[PDB]
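The structure under discussion appears below in the form of structure tokens.
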Amino acid sequence: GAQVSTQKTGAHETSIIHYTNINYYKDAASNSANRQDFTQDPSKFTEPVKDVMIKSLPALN
Amino acid sequence: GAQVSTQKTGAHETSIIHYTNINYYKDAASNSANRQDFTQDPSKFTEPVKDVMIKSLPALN
Amino acid sequence: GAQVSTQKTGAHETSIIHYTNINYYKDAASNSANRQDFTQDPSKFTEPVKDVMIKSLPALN
Amino acid sequence: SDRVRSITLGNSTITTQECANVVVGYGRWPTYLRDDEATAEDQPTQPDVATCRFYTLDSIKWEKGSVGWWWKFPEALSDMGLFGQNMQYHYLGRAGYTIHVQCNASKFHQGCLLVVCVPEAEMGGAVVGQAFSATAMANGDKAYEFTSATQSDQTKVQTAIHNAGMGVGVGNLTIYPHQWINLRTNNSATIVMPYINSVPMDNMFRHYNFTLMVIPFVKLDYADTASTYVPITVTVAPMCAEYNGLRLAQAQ
Amino acid sequence: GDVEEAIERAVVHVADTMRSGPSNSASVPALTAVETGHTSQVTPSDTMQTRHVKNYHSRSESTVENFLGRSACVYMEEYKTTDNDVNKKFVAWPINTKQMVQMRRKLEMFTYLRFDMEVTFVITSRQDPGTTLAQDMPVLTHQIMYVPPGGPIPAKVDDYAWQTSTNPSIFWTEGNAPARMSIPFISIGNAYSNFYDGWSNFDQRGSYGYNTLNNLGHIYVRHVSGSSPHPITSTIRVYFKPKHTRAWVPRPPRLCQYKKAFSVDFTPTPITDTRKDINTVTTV
Amino acid sequence: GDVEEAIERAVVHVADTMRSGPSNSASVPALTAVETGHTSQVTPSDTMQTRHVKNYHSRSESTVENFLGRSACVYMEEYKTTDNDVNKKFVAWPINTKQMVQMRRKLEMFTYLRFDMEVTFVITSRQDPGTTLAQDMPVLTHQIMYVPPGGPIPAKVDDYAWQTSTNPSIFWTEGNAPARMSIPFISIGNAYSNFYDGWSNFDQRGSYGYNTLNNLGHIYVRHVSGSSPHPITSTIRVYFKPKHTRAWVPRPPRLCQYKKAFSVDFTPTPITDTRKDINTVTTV
Amino acid sequence: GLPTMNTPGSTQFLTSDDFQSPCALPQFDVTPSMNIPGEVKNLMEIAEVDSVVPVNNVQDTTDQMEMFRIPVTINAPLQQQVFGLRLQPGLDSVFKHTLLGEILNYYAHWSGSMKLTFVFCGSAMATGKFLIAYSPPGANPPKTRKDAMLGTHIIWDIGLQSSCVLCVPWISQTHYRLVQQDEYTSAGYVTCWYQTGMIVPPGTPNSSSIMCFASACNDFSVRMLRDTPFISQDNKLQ
Amino acid sequence: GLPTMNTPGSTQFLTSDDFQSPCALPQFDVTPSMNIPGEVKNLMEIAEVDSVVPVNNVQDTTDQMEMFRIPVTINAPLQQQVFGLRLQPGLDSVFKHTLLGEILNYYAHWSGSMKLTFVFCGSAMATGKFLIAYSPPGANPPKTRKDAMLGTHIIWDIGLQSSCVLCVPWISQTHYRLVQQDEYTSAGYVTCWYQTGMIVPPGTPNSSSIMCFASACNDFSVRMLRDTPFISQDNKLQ
Amino acid sequence: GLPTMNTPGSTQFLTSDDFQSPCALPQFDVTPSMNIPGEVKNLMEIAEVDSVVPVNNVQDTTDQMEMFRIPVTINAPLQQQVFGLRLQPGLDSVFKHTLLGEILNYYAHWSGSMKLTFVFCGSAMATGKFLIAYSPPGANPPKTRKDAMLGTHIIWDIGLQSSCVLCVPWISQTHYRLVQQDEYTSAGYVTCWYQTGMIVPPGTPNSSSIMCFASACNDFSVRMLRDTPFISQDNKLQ
Ligand SMILES: Cc1cc(CCCCCCCOc2ccc(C3=NCCO3)cc2)on1
Ligand SMILES: Cc1cc(CCCCCCCOc2ccc(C3=NCCO3)cc2)on1
Ligand SMILES: Cc1cc(CCCCCCCOc2ccc(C3=NCCO3)cc2)on1
Ligand SMILES: Cc1cc(CCCCCCCOc2ccc(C3=NCCO3)cc2)on1
Ligand SMILES: *C(=O)CCCCCCCCCCCCC
Ligand SMILES: *C(=O)CCCCCCCCCCCCC
Ligand SMILES: *C(=O)CCCCCCCCCCCCC
């Protein structure tokens, strides 16, 4: 059961850009890297404040 | 006729985790190991008593 | 056009035991051996007699 | 109670008023050889009641300083009636057994025996490298004894009890079918052994399928009672005995 | 047809811990009769208050297939490229699994075993030290031949038996991936026996022990046409990896060190090591 | 189209043993007339009481394809990298299967044979011993050329014939997997003959025997441009493995040792070995 | 040929690899399987079986069998300690050579609960109550019954039922502990004390033995296969 | 290129391998097949054919053909033994060079029943009854007809039907025996005795010969291909 | 075998390759995952967090903490400059060791806007207005407030809201600039001036400190992974 997914864009304008993969080993540790997960959240760090703060309104009182 | 089955879980949370196998030889002796059979029974050894014994009730008389 | 057939039984009880083959050459001489043909007839040698002879009945007269 | 037990094979019956349970092989009850597991083609004899019955071996004395005993099977039964006769006339044999070890004392005595059946109990010589003869391990129903001290006599097997003659830890013999006779609660032990081997049938003289070992883990002790020794008696019954390859009887 | 669904999407775990509260009853789980030959099925919830624990641990790495399924060195020997002694130039090994202690102890934890066997060979060569070492020897090729019981045995590196018209042989050249092949379950019995409490003769005489059932044949190895001006010594190491395994009637692990390759023989060894008293629990 | 179902899910076994009880009849299976040239089809159930036995044994390893299908050494010779004698530098072999005793005996168990042939070559090189051995020779490459009957034969390592514009050749470099290729059934007849009770001339004169039908050509092998300062000796070993085999009219196996490559010639050898008397059944 | 490119790992021999390979005996007809009793599928089945623990593995041991006998006597001082042992099933001498310890020694990690079964082997006429406890790790082991009773324990009463099971729960900060246990991976202590005393009527022996069995529970497992420190050699055998 | 990784076994030459390889004579037009009589498909077809057994392979043999003649005579002592042989079809000199023995010698394991056919070659006027028996292994071979008659046997009567077949059944503890037979793999003995005696009328020869043929039954098979000990060489031929 | 042909690159070990490889611990049962707080998925999440900029990293620094304090005083000459810094977030000493600069130093290219937050740390009684500006590159940096006010700027008034954010936009001829910035890849200057002056009532300190924080905006990204110049060694540690 081959998995087919999109490649990272190259020098040329984008369909021919997809690659195929098949796992050959019984352990997931053997698999290649997860180079393509781009989920991202900076708010645990940039805004850990209990009460949410909208930019337009003043910060204090 | 390729066989497709699940891999042993890795560092990351689980679908992309299945591997594929195809046998190339005429003798089953040539095949890879049965790393994934988890059938198990400890009672031939832990309780070989003719009359079954429920935990709650006393052992003798 | 891949051919899929059964393997010779191994140490373990039998479905996962089939192998697949594909021929890569233009001449049949290039093919692997016919390790699995078990047709067999010992009677050209064990009983080449014109008149058939049933075991129960006597051989002469 | 469940302590009460009655067993009947052939023309013999065994009864016990204070028992534990009945241990059965590896959960496997003795059974005749099936057609899809056989190689030897001749029609077998299955003497039934004549062979599958209880035979009582010579008794022994459990004394304060006893260390342990062993009996090898089927050798131990080679002289027992028609069971022994059938062993002699046949090249191949097969059987399971009901082993009943008897030992009664009193509410004032203390002691505890391990009763185990060790399949393929291959033993080491008293002096490494020196071969010993069959007589060093079995001879009819004669009980053989282990020793505390390590054995020096090269004509013998290494009898030091803590290694059970096999080079392993005696306290780990519990992975084999067993029962304990703790004088405080039991008075006997019953183990049903099925036929265990790597081949469907085997010669009964040449191969000792299993060895019965009775080992005092807690020494026999008592106070000012007039009774001194406590007898231990072994009674065993072959089960589903069948034989193949009849011919002249083996001299011994 | 094309793809097949042998997926094991439902794998076994270790038992969960059930929440358990106070109790006051006639039902008493913690008291038993060890005399029955029964091991108690008690769990913490039977004798104390437990919380619920969803246990995801799995016994995958402790299956017999997994425990036995790693290649282990079962033998090693040297053979020279050139020597005056005919026997120093080839190896003749009576196949067995009793000479290398680690593999032996593992197999011996079971009485009977049934499996296919993967065999891998590791062959390395070194130039023997000497006064004059300058030479330019081409790459070496080795032949490993299996001689089933009864077949003609080679008496020297250059004898006819090495023709292998029927015995299986492997020709391997240095610098390459180690040679390997599979052998099926070849016993004449239904399972291999690690122990045999018996004799070879009906008389109850002859050989005693497992050695009487060992007749798997030999492995013979030589250099192909490798005679060099100055001697080179090759060392062959043979690895066994059982696969498609089944095991019966488990035994206590070997406690005493091994003394002989073909016998159970041992020297009495104490149960375990000692401590000063029955209450000592510290280290210093 | 994609996948194909050539599955042999129904394979042949050896005959089962039927249960058989007592009998008292005029029908008598055990008495026959060997004179008819007939071998009796009797089984144990015909002469004794048998139990039923479900027999799973199979004759898979004894098919002719399997018996003949293992590579066997059929020839070996040496050729030097540098020598004063032109002929010591290349091999010229008239293809045949009669020089190596093991393969010969197997093929000769049948009168006629028809099969394709897998040929594998094992070539190894060694530096010749001498007073001065220091050199640094690059890897060697060999050429193996097949010359069908009548083609130009090379007279020296450097002659024009080695151009192989039409004859098939293999160029192989040391350190690599042994060279191999398949040849189809090439006889001018419908089957290869292991024996030929006849002559070459209509006169009943000329050559006698199988050698008169052997005209498969030659194999020629040389080093490509391998002249080294100090001589190196290469040894080539050629292996034959018949495949897709058919065999006709089986013969008794060769009893007497072989004396000649191209003739049946032998020295009378006794039927078998002897024992003291017709009742001796012990060993000592 | 199909264009290919070898990646790292090519040609190596990894001992724990799992590939296919050619069979040297093509078409060999295997001997039929037979249903032999006692098949094992997982080594944990063995570790789940009781084996006798050499609790009394003291220095002055004259007779080896004494190691399996825990001494218990009449007129013992009140609250006296019967024994004390440290929970390192794969490392401590009390457990390392039992069935459970031997299996553990082929692995590097372990997790799960254990069953310590105690069986009284005195006469039917003797009586007694014992407090058996388990103390999770801390800087100091219990030195007194008062200290011990604050941890997980069971009070054993002798009667028709000769055996009692102390089930030591898996209480750990990590999911697994090391077989080659260290301080970080410390498991604690198991101690036994007289709850009342062993009382006896006239005409019975003055002291008796208690035996200890050990096995794994159904939540027990091992990880990381490794060679055992318990077997070695200086030469090939023969 | 497609990423690949070579595994152990790569580049090796295993004699019993089974791979494809390029054809050196592309498009060669094979000579048409022809239906020649006597095709063989399995070596067991050969082993199933009778061959004459050299039963009388005794020490003092002057004439080679005598080995095939089992002597039988008038006025033989009652219950006299005619011959005795040990069942090792691939090892014993009586069988090793027969068709069956020769086939067995290219294998290491064997299993199945055998047919021993005996043919009386005296005149039509002679009479006699013989007891032919098979004794499964045991510590001692039969020394007397009384001993022999307890095993598997047939009582042969001479009449119009000149031949008699003793079918020795497969009675073994293992599924297969070794061709290079040993004690563990022992098969037993086959012996022949006078049941009555060879009686003769006036004017007929005083002694006669019996011949023995051997072949395999339909439950017979061999395993483990191996080279035969029966052929060798010190030099290339020529 | 299937015909194949190795292409260039075969057998090489490329550090940034991405292939599969055999697992040495087949069937190892991984410890269950646990939901630990603070998971990071992209290094940009870190660069988006403010860190204190050592703006006052002047030569005569006695006390290290002084580097974080920008001096501001009463009666400053009109239009006086408070500070000036050059925009090379990965190269200039003012930024190179901040969170943002450290992340940048593992890359060779960068692009995006930046937030420079200024926080007044004087007493609640002090007042003041400052002009903070950004000057895109050109041949000469601003030397006067008049010069500075022609570029991108904000006029900060001190009140309840203590902090003010100057957001320096991405104004560049190229999509990305180099971390190891050069003239071609020049980014400009950020300068601060007194708009009015810091006025104070009686009884308050005469000078105060201003702090500067820096972080990346949501249009910021880095490219070309590289090793950092900030860590090295002459020997293996230990
Ligand atoms: C390795 C090893 C372990 C042993 C015990 C042998 C167990 C083998 C099981 C069966 C293997 O196949 C056989 C081959 C020949 C013989 C044989 N028995 C008598 C002599 O040869 C029996 C079984 O000793 N060495
Ligand atoms: C006895 C016994 C059984 C065991 C396991 C041992 C059996 C191992 C299988 C035997 C493997 O022998 C070989 C067969 C052939 C070759 C070989 N074939 C190609 C060249 O080498 C090598 C080993 O444990 N005790
Ligand atoms: C090997 C071997 C075995 C023999 C007998 C030869 C059997 C070959 C069968 C047919 C092969 O193809 C032929 C090629 C040439 C000739 C030929 N006959 C007269 C001389 O050349 C005949 C058949 O001798 N050497
Ligand atoms: C005569 C006879 C027939 C046989 C079998 C012998 C026939 C074997 C087939 C002939 C094979 O000859 C070769 C053909 C070509 C090459 C070769 N082609 C590429 C380079 O080498 C080598 C062997 O038995 N008796
Ligand atoms: C997934 O396997 C479904 C489709 C099958 C594609 C054929 C696989 C191509 C050859 C690679 C086999 C991998 C064996 C390690
Ligand atoms: C199984 O074969 C059904 C689907 C076919 C998949 C194509 C196989 C990919 C190439 C490997 C062929 C194996 C030949 C040894
Ligand atoms: C048969 O070819 C039908 C299905 C096609 C399977 C894909 C083949 C896998 C790659 C091997 C190609 C062989 C080229 C020599």
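Going by the structure tokens order, chains are called A, B, ..., each with residues numbered from 1, while ligands are numbered from 1 in the order shown.
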
For chain E against chain C, with a cut-off of 9 Å and counting only C-alpha atoms, what is the closest atom pair and its distance in Å to one decimal for every residue that makes the cut, ordered by chain and number, as a Markdown table?
```
| residue | atom | partner | partner_atom | distance |
| --- | --- | --- | --- | --- |
| E:1 | CA | C:4 | CA | 9.0 |
| E:6 | CA | C:16 | CA | 8.0 |
| E:114 | CA | C:11 | CA | 6.4 |
| E:115 | CA | C:11 | CA | 5.2 |
| E:116 | CA | C:11 | CA | 5.6 |
| E:184 | CA | C:10 | CA | 6.2 |
| E:185 | CA | C:11 | CA | 5.4 |
| E:186 | CA | C:11 | CA | 9.0 |
| E:243 | CA | C:11 | CA | 8.6 |
| E:244 | CA | C:12 | CA | 5.9 |
| E:245 | CA | C:11 | CA | 7.3 |
| E:246 | CA | C:12 | CA | 7.8 |
```

Could you please select, counting only C-alpha atoms, the residues of chain I within 9 Å of chain H and state them as a CSV table (one decimal) with N, CA, C and O atoms, in the first residue's frame?
```csv
chain,number,residue,atom,x,y,z
I,1,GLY,N,18.0,-12.6,-11.0
I,1,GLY,CA,17.7,-11.3,-10.4
I,1,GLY,C,17.1,-10.3,-11.3
I,1,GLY,O,17.3,-10.4,-12.5
I,2,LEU,N,16.4,-9.3,-10.8
I,2,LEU,CA,15.9,-8.2,-11.6
I,2,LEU,C,17.1,-7.4,-12.1
I,2,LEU,O,17.9,-7.0,-11.2
I,5,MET,N,20.9,-1.1,-12.3
I,5,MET,CA,22.1,-0.4,-12.6
I,5,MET,C,22.3,0.7,-11.6
I,5,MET,O,21.5,1.6,-11.5
I,6,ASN,N,23.4,0.7,-10.8
I,6,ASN,CA,23.7,1.7,-9.8
I,6,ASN,C,24.0,3.0,-10.4
I,6,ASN,O,24.9,3.1,-11.3
I,7,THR,N,23.5,4.1,-9.9
I,7,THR,CA,23.7,5.5,-10.4
I,7,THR,C,24.7,6.2,-9.5
I,7,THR,O,25.0,5.8,-8.4
I,8,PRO,N,25.2,7.4,-9.9
I,8,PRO,CA,26.1,8.1,-9.0
I,8,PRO,C,25.4,8.4,-7.7
I,8,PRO,O,24.1,8.6,-7.7
I,9,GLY,N,26.1,8.5,-6.6
I,9,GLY,CA,25.5,8.7,-5.3
I,9,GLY,C,25.3,7.4,-4.5
I,9,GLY,O,25.2,7.4,-3.3
I,10,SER,N,25.4,6.3,-5.2
I,10,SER,CA,25.3,5.0,-4.6
I,10,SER,C,26.4,4.8,-3.6
I,10,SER,O,27.5,5.2,-3.8
I,11,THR,N,26.0,4.3,-2.4
I,11,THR,CA,26.9,4.1,-1.2
I,11,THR,C,27.3,5.3,-0.4
I,11,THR,O,27.9,5.1,0.7
I,19,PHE,N,16.3,8.4,4.4
I,19,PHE,CA,16.0,7.0,4.0
I,19,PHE,C,15.5,6.2,5.2
I,19,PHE,O,15.6,6.6,6.4
I,21,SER,N,15.8,2.5,7.4
I,21,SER,CA,16.9,1.6,7.8
I,21,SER,C,16.4,0.6,8.8
I,21,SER,O,15.4,0.9,9.5
```

CA of residue 225 (chain F) to CA of residue 166 (chain F): how many Å, to one decimal?
-> 21.0 Å

Do me a favour and pick out the residues of chain H within 9 Å of chain C, using only C-alpha atoms, as number ranges by chain.
-> H: 18-23, 25-28, 37-42, 44-46, 48-50, 160-161

Please save N, CA, C and O atoms of the selected residues as a JSON list (two decimals), in the first residue's frame.
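Result file follows (again.json):
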```
[["chain", "number", "residue", "atom", "x", "y", "z"],
["H", 18, "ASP", "N", 18.12, -20.76, -7.02],
["H", 18, "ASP", "CA", 17.15, -20.91, -8.07],
["H", 18, "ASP", "C", 16.74, -19.56, -8.64],
["H", 18, "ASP", "O", 15.62, -19.09, -8.41],
["H", 19, "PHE", "N", 17.66, -18.92, -9.35],
["H", 19, "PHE", "CA", 17.39, -17.62, -9.95],
["H", 19, "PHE", "C", 17.37, -17.68, -11.48],
["H", 19, "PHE", "O", 17.70, -18.71, -12.09],
["H", 20, "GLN", "N", 16.97, -16.57, -12.08],
["H", 20, "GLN", "CA", 16.93, -16.43, -13.53],
["H", 20, "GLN", "C", 18.31, -15.86, -13.92],
["H", 20, "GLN", "O", 19.02, -15.32, -13.07],
["H", 21, "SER", "N", 18.70, -16.00, -15.18],
["H", 21, "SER", "CA", 19.97, -15.43, -15.65],
["H", 21, "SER", "C", 19.86, -15.23, -17.17],
["H", 21, "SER", "O", 19.06, -15.92, -17.84],
["H", 22, "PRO", "N", 20.61, -14.26, -17.72],
["H", 22, "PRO", "CA", 20.54, -14.01, -19.17],
["H", 22, "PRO", "C", 20.93, -15.20, -20.04],
["H", 22, "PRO", "O", 21.77, -16.01, -19.66],
["H", 23, "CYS", "N", 20.26, -15.32, -21.17],
["H", 23, "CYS", "CA", 20.53, -16.40, -22.10],
["H", 23, "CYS", "C", 21.61, -15.96, -23.09],
["H", 23, "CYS", "O", 21.48, -14.91, -23.73],
["H", 25, "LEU", "N", 22.49, -17.35, -25.90],
["H", 25, "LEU", "CA", 22.08, -17.63, -27.27],
["H", 25, "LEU", "C", 20.66, -17.11, -27.44],
["H", 25, "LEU", "O", 19.72, -17.88, -27.62],
["H", 26, "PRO", "N", 20.49, -15.78, -27.48],
["H", 26, "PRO", "CA", 19.16, -15.17, -27.64],
["H", 26, "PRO", "C", 18.42, -15.70, -28.86],
["H", 26, "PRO", "O", 19.00, -15.78, -29.95],
["H", 27, "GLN", "N", 17.16, -16.07, -28.67],
["H", 27, "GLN", "CA", 16.32, -16.54, -29.77],
["H", 27, "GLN", "C", 16.71, -17.86, -30.45],
["H", 27, "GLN", "O", 16.31, -18.11, -31.59],
["H", 28, "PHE", "N", 17.48, -18.69, -29.74],
["H", 28, "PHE", "CA", 17.90, -19.98, -30.28],
["H", 28, "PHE", "C", 16.64, -20.83, -30.43],
["H", 28, "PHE", "O", 15.84, -20.91, -29.49],
["H", 37, "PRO", "N", 9.71, -43.22, -25.32],
["H", 37, "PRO", "CA", 9.13, -44.07, -24.27],
["H", 37, "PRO", "C", 9.98, -44.04, -22.98],
["H", 37, "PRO", "O", 11.16, -43.67, -23.00],
["H", 38, "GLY", "N", 9.39, -44.44, -21.87],
["H", 38, "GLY", "CA", 10.12, -44.51, -20.62],
["H", 38, "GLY", "C", 10.54, -43.25, -19.90],
["H", 38, "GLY", "O", 11.63, -43.22, -19.33],
["H", 39, "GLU", "N", 9.69, -42.24, -19.86],
["H", 39, "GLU", "CA", 10.06, -41.02, -19.15],
["H", 39, "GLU", "C", 10.01, -41.23, -17.65],
["H", 39, "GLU", "O", 9.13, -41.92, -17.13],
["H", 40, "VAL", "N", 10.99, -40.67, -16.94],
["H", 40, "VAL", "CA", 11.05, -40.78, -15.49],
["H", 40, "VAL", "C", 10.77, -39.39, -14.94],
["H", 40, "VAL", "O", 11.23, -38.39, -15.49],
["H", 41, "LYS", "N", 10.00, -39.32, -13.86],
["H", 41, "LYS", "CA", 9.70, -38.03, -13.27],
["H", 41, "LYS", "C", 10.17, -37.91, -11.85],
["H", 41, "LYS", "O", 10.53, -36.81, -11.40],
["H", 42, "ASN", "N", 10.26, -39.04, -11.17],
["H", 42, "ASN", "CA", 10.71, -39.07, -9.78],
["H", 42, "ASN", "C", 11.61, -40.29, -9.60],
["H", 42, "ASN", "O", 11.29, -41.36, -10.11],
["H", 44, "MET", "N", 11.90, -42.08, -7.17],
["H", 44, "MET", "CA", 11.20, -43.11, -6.44],
["H", 44, "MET", "C", 10.56, -44.13, -7.38],
["H", 44, "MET", "O", 10.28, -45.25, -6.99],
["H", 45, "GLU", "N", 10.35, -43.74, -8.64],
["H", 45, "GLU", "CA", 9.78, -44.66, -9.63],
["H", 45, "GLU", "C", 10.78, -45.79, -9.87],
["H", 45, "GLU", "O", 10.39, -46.94, -10.12],
["H", 46, "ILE", "N", 12.06, -45.45, -9.78],
["H", 46, "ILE", "CA", 13.14, -46.42, -9.96],
["H", 46, "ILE", "C", 13.25, -47.32, -8.73],
["H", 46, "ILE", "O", 13.34, -48.54, -8.85],
["H", 48, "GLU", "N", 11.07, -48.16, -6.83],
["H", 48, "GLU", "CA", 9.88, -49.00, -6.73],
["H", 48, "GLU", "C", 9.95, -50.25, -7.60],
["H", 48, "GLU", "O", 9.04, -51.09, -7.56],
["H", 49, "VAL", "N", 11.05, -50.37, -8.35],
["H", 49, "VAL", "CA", 11.31, -51.50, -9.24],
["H", 49, "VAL", "C", 12.21, -52.55, -8.56],
["H", 49, "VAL", "O", 13.21, -52.22, -7.91],
["H", 50, "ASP", "N", 11.86, -53.82, -8.71],
["H", 50, "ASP", "CA", 12.65, -54.89, -8.11],
["H", 50, "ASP", "C", 14.03, -55.04, -8.73],
["H", 50, "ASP", "O", 14.19, -54.91, -9.94],
["H", 160, "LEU", "N", 2.29, -73.67, -7.76],
["H", 160, "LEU", "CA", 2.33, -73.03, -9.10],
["H", 160, "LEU", "C", 2.91, -71.62, -9.00],
["H", 160, "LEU", "O", 3.67, -71.19, -9.88],
["H", 161, "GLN", "N", 2.48, -70.88, -7.96],
["H", 161, "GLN", "CA", 2.96, -69.52, -7.66],
["H", 161, "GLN", "C", 4.33, -69.71, -7.00],
["H", 161, "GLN", "O", 4.44, -70.13, -5.84]]
```

Apply DSSP to the structure's backbone, then extract all residues of chain C labelled helix (DSSP H, G or I) and return them as a PDB file with N, CA and C atoms, in the first residue's frame.
```pdb
ATOM      1  N   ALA C  28      12.864 -18.530 -22.589  1.00  0.00           N
ATOM      2  CA  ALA C  28      12.426 -19.403 -21.504  1.00  0.00           C
ATOM      3  C   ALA C  28      13.606 -20.130 -20.819  1.00  0.00           C
ATOM      4  N   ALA C  29      14.712 -20.317 -21.537  1.00  0.00           N
ATOM      5  CA  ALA C  29      15.893 -20.951 -20.960  1.00  0.00           C
ATOM      6  C   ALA C  29      16.378 -20.166 -19.719  1.00  0.00           C
ATOM      7  N   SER C  30      16.135 -18.852 -19.720  1.00  0.00           N
ATOM      8  CA  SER C  30      16.525 -17.966 -18.622  1.00  0.00           C
ATOM      9  C   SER C  30      15.740 -18.175 -17.333  1.00  0.00           C
ATOM     10  N   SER C  43       4.235 -47.172 -13.005  1.00  0.00           N
ATOM     11  CA  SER C  43       3.816 -48.367 -13.752  1.00  0.00           C
ATOM     12  C   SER C  43       4.466 -48.745 -15.109  1.00  0.00           C
ATOM     13  N   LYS C  44       5.155 -47.822 -15.795  1.00  0.00           N
ATOM     14  CA  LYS C  44       5.848 -48.172 -17.050  1.00  0.00           C
ATOM     15  C   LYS C  44       6.924 -49.175 -16.663  1.00  0.00           C
ATOM     16  N   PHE C  45       7.477 -48.964 -15.470  1.00  0.00           N
ATOM     17  CA  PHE C  45       8.549 -49.778 -14.918  1.00  0.00           C
ATOM     18  C   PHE C  45       8.091 -50.932 -13.990  1.00  0.00           C
ATOM     19  N   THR C  46       7.184 -50.662 -13.043  1.00  0.00           N
ATOM     20  CA  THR C  46       6.713 -51.707 -12.114  1.00  0.00           C
ATOM     21  C   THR C  46       5.726 -52.740 -12.691  1.00  0.00           C
TER      22      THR C  46
END
```

Polymer residues at most 10 Å from residue 28 (chain D), only C-alpha atoms, same-chain spacing of 6 or more positions, as a PyMOL selection string = (chain B and resi 44+48+50) or (chain D and resi 96+192-196) or (chain G and resi 36-38)

Within-6 Å residues of ligand 3, basis only C-alpha atoms and all ligand atoms, as an mmCIF file with C-alpha atoms, in the first residue's frame:
```
data_model
loop_
_atom_site.group_PDB
_atom_site.id
_atom_site.type_symbol
_atom_site.label_atom_id
_atom_site.label_comp_id
_atom_site.auth_asym_id
_atom_site.auth_seq_id
_atom_site.Cartn_x
_atom_site.Cartn_y
_atom_site.Cartn_z
ATOM 1 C CA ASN F 96 31.601 -32.371 -22.111
ATOM 2 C CA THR F 97 30.185 -33.846 -18.860
ATOM 3 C CA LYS F 98 32.390 -36.930 -18.553
ATOM 4 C CA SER F 187 21.339 -30.650 -29.307
ATOM 5 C CA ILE F 188 20.810 -31.400 -33.020
ATOM 6 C CA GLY F 189 18.826 -34.407 -31.794
ATOM 7 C CA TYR F 192 21.065 -35.477 -25.376
ATOM 8 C CA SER F 193 22.405 -39.065 -25.373
ATOM 9 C CA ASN F 194 24.466 -40.224 -22.400
ATOM 10 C CA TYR F 210 28.986 -41.607 -26.942
ATOM 11 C CA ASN F 211 32.014 -39.621 -27.840
ATOM 12 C CA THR F 212 30.947 -39.769 -31.471
ATOM 13 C CA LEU F 213 27.902 -37.572 -30.615
ATOM 14 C CA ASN F 214 29.828 -34.980 -28.633
ATOM 15 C CA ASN F 215 30.246 -31.828 -30.676
ATOM 16 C CA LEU F 216 29.167 -29.023 -28.419
#
```

What's the 8 Å shell around residue 65 (chain G), counting only C-alpha atoms, without same-chain residues fewer than 2 positions away, as a PyMOL selection string?
-> (chain D and resi 162+217) or (chain G and resi 63+67-69)

Pick out the residues sitting within 7 Å of residue 190 (chain F), and hand them over as an MDAnalysis selection string; count only C-alpha atoms, and ignore anything fewer than 5 positions along from it in its own chain.
-> chainID H and resid 31:34

Excluding region 32-36 of chain F and residues on its chain fewer than 6 positions from it, collect all residues at most 12 Å away from it, counting only C-alpha atoms, and give them as a VMD selection string.
-> (chain C and resid 46 to 61) or (chain F and resid 42) or (chain H and resid 49 to 52 116 to 121 156 to 166 211 to 214)
